[PDB]
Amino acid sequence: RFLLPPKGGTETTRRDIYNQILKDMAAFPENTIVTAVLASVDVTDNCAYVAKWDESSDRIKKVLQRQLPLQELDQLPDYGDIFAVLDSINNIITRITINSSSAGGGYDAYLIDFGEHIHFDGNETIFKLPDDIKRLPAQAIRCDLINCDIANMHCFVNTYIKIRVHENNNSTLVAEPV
């Protein structure tokens, strides 16, 4: 009922797993207004996440809508490797990585396309992704939001918005919703 633990990989922090997954920062040119989904809001960290969800990310959308068959796994991939997990509360299948063991048991996991750090018990339903979907960059890019009450932004999560990219240090953005 519980998955076999990762055989390898380097355990990382919440901050380091964001920096070690593949992100396409060229999709957010500085001093440009771009359209992207408000992936998630993290008021405690005073940051948000935006996701292009391009036509190039179409296969991730197919997996999200459960329109693609996947091979179920009984063994957890290495720490930092990208696979898929079934969220049956929302009945979606989302890309996920395990970044570290958890001090209270389980694992610290990161949903790379939402920008959400979650707890992973170890008995979840997980799938292997095809190599082309696994290699696609993480859609969620972290942003400091200016001219913005981040607390108010929860109403725009999972919704397309327009943001003006003030700064792009190729890790996180300084952007403003317009």
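Throughout, we count residues from 1 along the sequence that is shown.
For the segment pair 145-153 and 117-125, the entry gives 145-153 the higher mean B-factor, averaged over Cα atoms. Once the C-alpha B-factors are averaged per stretch, 134-142 and 53-61 rank with 53-61 first. Among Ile112, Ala26, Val43, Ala109, the highest C-alpha B-factor in the deposited entry belongs to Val43.
Among the modelled residues of the chain, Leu173 sits in the lowest third by CA temperature factor in this PDB entry. Placement of the Cα temperature factor of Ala103 within the chain: highest third of the modelled residues, per the deposited record. Annotation for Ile92: CA B-factor lies in the highest third of the chain's modelled residues.
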